[PDB]
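Heads up, the Cβs are rebuilt from the backbone with ideal geometry, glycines too, and the neighbour counts pull from every protein chain shown. A short reminder: the numbers here are calculations on the coordinates, not readings from a lab.
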Amino acid sequence: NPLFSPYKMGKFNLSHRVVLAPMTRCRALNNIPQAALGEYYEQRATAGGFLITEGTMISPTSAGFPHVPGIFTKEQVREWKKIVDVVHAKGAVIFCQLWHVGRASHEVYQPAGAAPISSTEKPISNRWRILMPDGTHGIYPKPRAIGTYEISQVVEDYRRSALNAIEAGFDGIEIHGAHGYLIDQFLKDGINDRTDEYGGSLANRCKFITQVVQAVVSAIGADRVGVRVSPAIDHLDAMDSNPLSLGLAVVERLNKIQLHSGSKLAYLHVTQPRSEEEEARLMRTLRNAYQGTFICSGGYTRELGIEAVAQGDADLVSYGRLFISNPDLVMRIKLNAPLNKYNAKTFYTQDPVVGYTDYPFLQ
Ligand SMILES: Cc1cc2nc3c(=O)[nH]c(=O)nc-3n(C[C@H](O)[C@H](O)[C@H](O)COP(=O)(O)O)c2cc1C
């Protein structure tokens, strides 16, 4: 089984290729990591396995979901350290995903009820609705388009959060540059309508992600930095007129950052939509273009994960929903044991146990 051949992720010796995909679960009450998160990640951790946390806020303005953890306060760092410790006690490697939602927020999530920030002043359309703290769905508001000073300060928030992640003991961080959130609002020409140096050309649209990656690379080293993008996913009105060219432009800049810094990133992580042959060809095109480790994600199964590694399409495969309902997903994939179904109703609830840590292990 190629998913259980060892893999050298730069500094990190992995024993298998089954990765926990980053997943917002909303149990980090008041943006503070809680004991429940420790139980949840420990349940899923394996010796030599790689885990990526839920998206974690880099600043007071970066959230668009209830009760997501941050890593911008000293209190959050102290609580994260307890979770990293129980994961390292199992011999796993764990990265913290740094997440800014940009315009995908609401006054209820913003300090002083201020408008969310973005590349643009245009709202997400009412084709999409935001999960509210009371479990209803609300309307995305008009964001505020930020200037280049403010852009530089958001980059500094990524830099400081990366340093905080290292202080909590994380092995590294992942830049969330996917799914129509802040970075993707700069990348995608369906969102970025700017006429300054961060808008227009493909090069201009890639400037923000380039500066974010350069900042965290300079702070903690490239081998502790992963980057996640989704050029072909149109979530929250995040379409681009040429997804493959956009993805190749990002990949070229990642390659150049590595050559200039003299070190490889931990990995590039791409999520695909689930045309099937065309989507697979676009993922392989990005993989072939990138000088380093490639993590594929989106709709993978045991069979599709085995094929991806066996055919050279990816080095690692991340699993989201199947890891929600199978704490021992790695062992089940190893044994080809039947997998248990997941319950979407408890993906984003606040209960520390129900639908979070009470999915059973194999008997
Ligand atoms: C409930 C839930 C929360 C998620 N939260 C995040 C997140 O915070 N950051 C992120 O990059 N992806 C997030 N994702 C996307 C997953 O990382 C992953 O790409 C997707 O679930 C993989 O597809 P799969 O579920 O079929 O394995 C989330 C997915 C789900 C279902």
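Exactly one residue among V77, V84, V93 is more than 15 Å from the ligand (Cβ to nearest atom), under 27 Å from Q43 (Cβ atoms) and in contact with a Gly (Cβ under 6 Å, 6 or more places away or on another chain), and that residue is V84.
Can you find even one residue in segment 286-295 that is more than 19 Å from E42 (Cα to Cα) and within 13 Å of the ligand (Cβ to nearest atom)? Yes, that holds for at least one residue. Among residues that are within 16 Å of the ligand (Cβ to nearest atom) and either of a type in the set (S, T, Y) or in contact with a strand residue (DSSP E or B) (Cβ under 7 Å, 6 or more places away or on another chain) (or both), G102 is included. Every test in (1) more than 21 Å from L268 (Cα to Cα); (2) of a type in the set (A, V, I, L, M); (3) in contact with a strand residue (DSSP E or B) (Cβ under 8 Å, 6 or more places away or on another chain) is passed by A308 save one, and that test is (1). Of all the residues in segment 151-168, those that are surrounded by 24 or more Cβ atoms within 10 Å (Cβ to Cβ) and basic (K, R) number 0.
Residues of segment 262-275 that are surrounded by 16 or more Cβ atoms within 10 Å (Cβ to Cβ), in contact with a helix residue (DSSP H, G or I) (Cβ under 7 Å, 6 or more places away or on another chain) and not β-branched (V, I, T): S263, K264, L265, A266, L268, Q272. Residues satisfying the criterion are present in segment 2-18 (criterion: surrounded by fewer than 17 Cβ atoms within 10 Å (Cβ to Cβ) and in a strand (DSSP E or B)). Look at segment 197-217: where a residue is over 14 Å from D157 (Cα atoms) and a partner is acidic (D, E), sitting 6+ places away or on another chain with Cβ atoms under 7 Å, you get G199/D193; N204/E197; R205/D189; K207/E197. Taking the numbered list (1) in contact with a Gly (Cβ under 6 Å, 6 or more places away or on another chain); (2) not in a loop (DSSP other than H, G, I, E, B) in turn, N192 passes all entries but (2). Scanning segment 234-245 for residues that are under 18 Å from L182 (Cβ atoms) and surrounded by fewer than 21 Cβ atoms within 10 Å (Cβ to Cβ) gives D234, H235, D237, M239. In the set (1) in a loop (DSSP other than H, G, I, E, B); (2) buried (at least 22 other Cβ atoms within 10 Å of the Cβ), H67 fails one condition alone, (2).
In this structure, is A344 surrounded by fewer than 19 Cβ atoms within 10 Å (Cβ to Cβ) and either basic (K, R) or within 13 Å of the ligand (Cβ to nearest atom) (or both)? So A344 fits the description; yes. Restricted to segment 169-183, and to residues there that are within 12 Å of the ligand (Cβ to nearest atom) and not in a loop (DSSP other than H, G, I, E, B), the residue that is nearest to the chain's Cα centre (by Cα) is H176. Tell me, please, whether a residue that is buried (at least 19 other Cβ atoms within 10 Å of the Cβ) and among the β-branched types (V, I, T) can be found in segment 169-177. For segment 169-177, residues buried (at least 19 other Cβ atoms within 10 Å of the Cβ) and among the β-branched types (V, I, T): present.
May I ask you to list the residues in segment 20-62 that are buried (at least 22 other Cβ atoms within 10 Å of the Cβ), more than 11 Å from the ligand (Cβ to nearest atom) and among the small types (G, A, S)? If the condition is that a residue be buried (at least 22 other Cβ atoms within 10 Å of the Cβ), more than 11 Å from the ligand (Cβ to nearest atom) and among the small types (G, A, S), then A28, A45, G49, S62 are the ones that fit.
On inspection, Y359 passes the criterion of being within 30 Å of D134 (Cβ to Cβ), crowded, with 19+ Cβ neighbours inside 10 Å and more than 12 Å from the ligand (Cβ to nearest atom).
Among residues of segment 315-341 being surrounded by fewer than 22 Cβ atoms within 10 Å (Cβ to Cβ) and within 15 Å of the ligand (Cβ to nearest atom), the one that is nearest to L268 (Cα to Cα) is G320. Taken together, the residues in segment 311-363 that are in contact with a strand residue (DSSP E or B) (Cβ under 9 Å, 6 or more places away or on another chain) and farther than 17 Å from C26 by Cα amount to 12.
Looking only at residues in segment 209-260 that are acidic (D, E) and in contact with a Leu (Cβ under 8 Å, 6 or more places away or on another chain), which one is farthest from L51 (Cα to Cα)? Here the answer is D240.
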